[PDB]
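Engineer: Turn this into a structure:
(10 chains)
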Amino acid sequence: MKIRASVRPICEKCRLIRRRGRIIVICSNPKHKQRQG
Amino acid sequence: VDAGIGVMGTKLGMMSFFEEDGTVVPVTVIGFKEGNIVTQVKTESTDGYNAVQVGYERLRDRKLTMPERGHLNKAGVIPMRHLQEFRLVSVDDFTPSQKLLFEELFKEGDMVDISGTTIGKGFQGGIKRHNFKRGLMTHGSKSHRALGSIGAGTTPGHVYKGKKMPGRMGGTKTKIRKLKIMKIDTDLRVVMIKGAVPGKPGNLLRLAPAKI
Amino acid sequence: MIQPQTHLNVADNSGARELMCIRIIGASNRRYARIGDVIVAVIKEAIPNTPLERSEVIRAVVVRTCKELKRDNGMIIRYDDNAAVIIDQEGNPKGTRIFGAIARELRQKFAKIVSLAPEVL
Amino acid sequence: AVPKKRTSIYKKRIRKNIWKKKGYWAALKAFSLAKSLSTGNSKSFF
Amino acid sequence: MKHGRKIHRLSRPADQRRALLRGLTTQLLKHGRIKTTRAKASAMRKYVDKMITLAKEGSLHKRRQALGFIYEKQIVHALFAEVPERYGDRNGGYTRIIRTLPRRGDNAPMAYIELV
Amino acid sequence: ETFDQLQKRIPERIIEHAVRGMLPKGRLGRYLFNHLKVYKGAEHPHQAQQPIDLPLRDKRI
RNA sequence: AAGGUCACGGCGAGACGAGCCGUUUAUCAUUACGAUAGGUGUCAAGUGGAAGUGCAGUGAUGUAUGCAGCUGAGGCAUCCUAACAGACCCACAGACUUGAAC
RNA sequence: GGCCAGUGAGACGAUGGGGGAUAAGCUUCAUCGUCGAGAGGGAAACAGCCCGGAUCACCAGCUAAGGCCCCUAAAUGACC
RNA sequence: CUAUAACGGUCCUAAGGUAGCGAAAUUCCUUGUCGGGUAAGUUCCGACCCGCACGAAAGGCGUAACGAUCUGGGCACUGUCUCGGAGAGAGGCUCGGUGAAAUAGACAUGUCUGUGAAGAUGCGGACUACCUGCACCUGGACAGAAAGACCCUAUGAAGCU
RNA sequence: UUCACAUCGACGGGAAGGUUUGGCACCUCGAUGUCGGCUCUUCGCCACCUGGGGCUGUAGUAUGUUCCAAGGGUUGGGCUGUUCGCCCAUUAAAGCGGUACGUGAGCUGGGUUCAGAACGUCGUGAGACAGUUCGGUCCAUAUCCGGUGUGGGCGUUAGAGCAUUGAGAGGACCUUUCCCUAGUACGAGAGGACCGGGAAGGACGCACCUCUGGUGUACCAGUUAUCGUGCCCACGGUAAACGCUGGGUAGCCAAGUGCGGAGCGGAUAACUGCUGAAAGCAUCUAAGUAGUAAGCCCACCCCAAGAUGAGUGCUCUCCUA
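Structural biologist: Residues are numbered from 1 along each chain as shown, chains lettered A, B, ... in the order given. Below you will find the coordinate block:
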């Protein structure tokens, strides 16, 4: 996990998904798996 | 909800059973003044739950009032003092007409729970009710054995309810759990049970199988 | 019952005479050390021809005690002194000849203390 | 320990009448003992 | 708590209680009928039953323990010459605890001891 | 304690908690609190005064 | 009236109230109840050899009677004593209204 | 002008600023409003915010501020 | 070699601290650094001298004996303690007699939370509580005392220099 | 080693909290008693450990960081009045704070350093130091609220004796090594698992006195001084509330003895998902739905219909004029 509350989608496959109210960021690399603000 | 009917018996001192392996176990000795006759069953039809109502201590008729002895003679049984039910799930086959149930049902079931009136100790302090600590016995101290602080400062303005004060310690019933059975006596009407029942020899004692 | 300020005599010839035991290991009660519990001893006095001097923290084993010892056989064993064996964490002591008798339940964890003992009761 | 204020006529007549009602309860016992002290075979009061 | 402590202690300390027992059972054996309080009455009942049955078997050892317990000299020797002739076949129960009116000044429950 | 926990556990405390804050909670709303008769079953045990159904004026339910 | 309360004899219950157990021709007989407390008689149990006498010793003392003597808060038996005499509270179909069948 | 008093500790709110850290229900000034010395209504309660200035009576009506589901008076009002 | 100053010059005074002592009843930094004691020692003892701010009759440095003096350590000893427990008295509890006191606006005298002279049983909302005793405990009533000894004001009082 | 975002993050910026030092002087000086310790709470999460997970420059052990989660725990000591802090032995870990020092109408030391004295320094001096040292009275019968126990009255629509359902509330739901799996996965070796079981502990709690004891002024036994029982013997009194000792039954107690902490029970927080659309690709979700936390609830032990919503069941009694 990364609670980076405001970082952009940073890898070239960082899809941006709002699930259950919260905004998360997924990518192929598990580094970029973030839950945003 | 209990997992089965139990009995009730009286405590008759403690001793030590010598197992033939060589161990020495401290057992309590249970007697039975009169058989635990099922007096009144309460099923799902005529009552909101299902329970089997047994009793104990056959007595003289002068010892027992008119509603009590009328209730016991409604079942056609002997007049007896003690009277308790066990709530049991609706698969029961128990007639309230003089089921003098024998005590064989606990030996293979080597786990039993017991309930009883513990011995009362009267109005005892906080040093033995709730296992507090005493103050300094010396070094100029004055709060020996006392209760200490009671609450917080100005912002509560009161003391919290359920705060540990002195009060009457013993007298209520307790249940100690999963107590492994031992050598019954089919002629001495006596059951060995390895443990320590609540109370001195003489009191009533619920003896009902486990609820694990 | 071995408090963390007791004096225990030695039960071996490791090089000490008695010890101030400090703060037992294993059983986390630490205000009641029964048999078989290792203790973080410090040397109160010793034999001055051995590499065990004064003020030396060591680990030892409580092998005798003035407090009773409940056995399942019905017996209760108790001594008149307190004794420890200057021990290492790999079983055996660094002192060979064990002085005084011990019990036999500590054979299930400390077999070298029993095998080097004069009497096992 | 020192009382902050005083009590009413209300609470005082309550407590004093509980005290005197506690005196009422210990004379029907004395009426029973005075009635058993009368003519009858009782093994007491020599 | 007092579970099973069957000594009956009075409002007096231990040795003073012993002297109250010995003196009041002594003058109880002197006059026969006596006015006590009820705690003093039962406390006389146990010990004076012990002193009637003590010199029931009139040996020297019983007479010397009995003379050791009772204060007055000439009342022990008036006792074993009286208790087998009177209190034979009674087999216990040598007194009676006839109660009376309470005492003016204390409301003390006041009792009255016989020899029957 | 949430709404589904009472509605699974004791449902007739739901409405009984809704209307108790609707009545004037003094000595008189406490008297007309007992006028409420909520039952979880499909049938009520009352045959008191032949209870006529309640008239509604609420177009949004 | 049923049932309680006082009194009574107490408790493994208890500050006081509470609570609990008794409150007597207190079994009679073929087999669980009608011994509450004290005393008594015995049995566990504690300390541990009592007094008196004899014997040995100059005497301190030891020894036999004699696990004797006292203790008996515990168990059982026993009605010998006290549970006698009483008193008091609560009574007299349980307001009014609907529905069902009888 | 004559006789004759108090008062000379102010407080908050808007604007104009200084001190502060453009921090304080902070401090000091300048104009104004209220309280002080002001009741009532709205603000859940609550000196200074809004309406408003209480001679008294009425089991009279119309309104300002503000509100119209229930507690608690009036719309479970209409249309976007 | 790194140092440190035997030694030197200069300014100002009346003179620039002698012996001995020295992180001391004196050392702020500081729990200075080292050694001893202790498992571990801001306390203790022995030293170095960087003495904020020792020092020679406001005496300095020592020491036998002495001290209800201060302080550091050790042996024996124990409920001081781990960790409490039992028993005996005088109270406490009950009954009968006698019988006050401080205090007190009237008290029909809840909890949370919020507001308010910014810490509310008394105002607001909610929740909780049948009435009334007895025995203990003292968190609140900004509890009782007693016109705050501390702080400031008085064109106050007094002692002393 | 490459690589801003495994982990730190310079130069800067934006917040929350009211736990430090501060600023204001708004309540209180006809009195709101500071700092530390003992006793005893309760609460927050900004998490030290325990439970679940993500990422890792995570091979495994152990981690680093972070999410959910405050149920429970958070040692014994040497120094100091100490808070803090240093050190020793450890432990799963030895958390930080609020409650006016949380708590002196519950209790004791340094201090608002009170009155005596001494050292340094300042002052001509009296005296003084946010310098040091020695000594230095701390009160109290609870009126009310609050609490813990325990009644009495009345009510519960006739009056009772029992028997229980349980709304609501309490307590308990804690934790560590060791062994099998297995020296197996993994690793060149060295090391050494997850998961699922067992066993021994620790604290806590409920009991009990069968054993081991402490006490035991019911007791019995030894002995000193003395006075009485006429005297010897033998006893009794006193040497506070045992003369001093030696043991002890029944009580009470633990250090002793038993037992407890159970749940393929329900729903969830973080997360992993299964189909799966708004953008014919996708995505844990927008429809539905699955695993799963020491957390919530239920089950567990006790009280419990004053639960005025006052319950349910059985049984007794209301007669005479």
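Engineer: and the closest residue to RNA strand I within chain F, how many neighbours does it have?
Structural biologist: Proximity of chain F to RNA strand I (CB to the nearest atom of the strand) peaks at residue F:25, 4.8 Å away. Placement of C-beta: from N, CA and C, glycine included. For residue F:25, the count of nearby residues is 11 (other CB atoms under 10 Å in any protein chain shown).
Engineer: any idea how far chain D is from it?
Structural biologist: Residue F:25 sits 27 Å away from chain D when distances are taken as CB to the nearest CB, to the nearest Å.
Engineer: Check residue B:103 too.
Structural biologist: 47 Å.
Engineer: Please name the bridge partners of the closest residue to that residue other than its chain neighbours.
Structural biologist: Counting by CB to CB, 6 or more residues apart in numbering or on different chains, residue B:103 lies nearest to residue B:7, which is 6.2 Å off, once chain neighbours are set aside. Counting by DSSP bridges, residue B:7 is bridged to residue B:207.
Engineer: Check the gap between residue B:7 and chain D for me.
Structural biologist: Per CB to the nearest CB, residue B:7 is found 44 Å from chain D.
Engineer: show me what contacts that residue?
Structural biologist: Residues in contact with residue B:7 (CB atoms under 8 Å, 6 or more residues apart in numbering or on different chains) are B:32, B:36, B:54, B:101, B:103, B:106, B:207-208.
Engineer: which helices and strands does the helix or strand hosting residue B:192 pack with?
Structural biologist: Assigned by DSSP states H and E, residue B:192 falls within strand B:190-194. If contacts are counted by 3 or more CB pairs under 8 Å, 6 or more residues apart in numbering or on different chains; DSSP states H and E, strand B:190-194 sits against strand B:7-18, strand B:24-31, strand B:181-185.
Engineer: does any bit of the longest one sit next to RNA strand G?
Structural biologist: It stands for strand B:7-18. No - for strand B:7-18, no contact with RNA strand G is found by CB under 7 Å from any atom of the strand; the gap never falls below 8.2 Å.
Engineer: Format the CA atom coordinates belonging to that strand as CSV.
Structural biologist: Output in CSV follows, covering the C-alpha atoms of strand B:7-18 (Å, rounded to 0.1, in the frame of the first residue of the first chain):
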residue,chain,number,x,y,z
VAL,B,7,-28.9,-33.8,38.9
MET,B,8,-28.4,-32.0,42.2
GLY,B,9,-26.6,-33.4,45.3
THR,B,10,-25.1,-32.3,48.6
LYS,B,11,-21.4,-31.9,49.4
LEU,B,12,-20.0,-34.3,52.0
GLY,B,13,-16.4,-33.3,52.7
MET,B,14,-13.2,-33.8,50.7
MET,B,15,-10.6,-36.5,50.5
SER,B,16,-8.0,-38.0,48.2
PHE,B,17,-8.5,-40.8,45.7
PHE,B,18,-5.4,-42.9,45.2
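Engineer: tilt between that strand and strand B:190-194?
Structural biologist: Strand B:7-18 runs at 70 degrees relative to strand B:190-194, counting by axes from the mean of the first three to the mean of the last three CA atoms, to 10 degrees.
Engineer: Tell me the gap between strand B:7-18 and the middle of its chain.
Structural biologist: How far strand B:7-18 lies from its chain's middle: 13 Å, per CA atoms, centre = their mean, to the nearest Å.
Engineer: what about stretch B:127-134, start to end distance?
Structural biologist: End-to-end distance of stretch B:127-134 (CA to CA, to the nearest Å): 7 Å.
Engineer: Please read the previous query as pertaining to stretch E:69-77.
Structural biologist: End-to-end distance of stretch E:69-77 (CA to CA): 13 Å.
Engineer: Could you confirm whether that stretch reaches RNA strand G?
Structural biologist: No - for stretch E:69-77, no contact with RNA strand G is found by CB under 7 Å from any atom of the strand; the gap never falls below 8.8 Å.
Engineer: Show me which parts of that stretch are buried, residue by residue.
Structural biologist: Buried residues in stretch E:69-77, defined by neighbour count with 16 or more other CB atoms under 10 Å in any protein chain shown: E:69-70, E:76.
Engineer: Run the chain-centre distance for it.
Structural biologist: From the chain centre to the centre of stretch E:69-77 is a distance of 13 Å (CA atoms, centre = their mean).
Engineer: The longest helix that chain B contains near RNA strand J anywhere?
Structural biologist: Using DSSP state H to define each element, chain B has its longest helix at helix B:66-74. Yes - interface with RNA strand J: helix B:66-74 contributes B:66-68, B:70-71, B:74 (CB under 7 Å from any atom of the strand).
Engineer: So which bits of chain D are right by RNA strand I?
Structural biologist: Residues of chain D lying near RNA strand I (CB under 7 Å from any atom of the strand): D:1-11, D:14-15, D:18, D:22-23, D:26.
Engineer: Out of these, list just those in helices.
Structural biologist: Short answer: the residues of chain D next to RNA strand I in helices (DSSP H) are D:9-11, D:14-15, D:18, D:22-23.
Engineer: Dump those into a markdown table; add distance to residue B:60 as well.
Structural biologist: Below are these laid out as a markdown table (distance: CB to CB, whole Å):
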| residue | distance to residue B:60 |
| --- | --- |
| D:9 | 55 |
| D:10 | 52 |
| D:11 | 50 |
| D:14 | 46 |
| D:15 | 46 |
| D:18 | 41 |
| D:22 | 37 |
| D:23 | 39 |
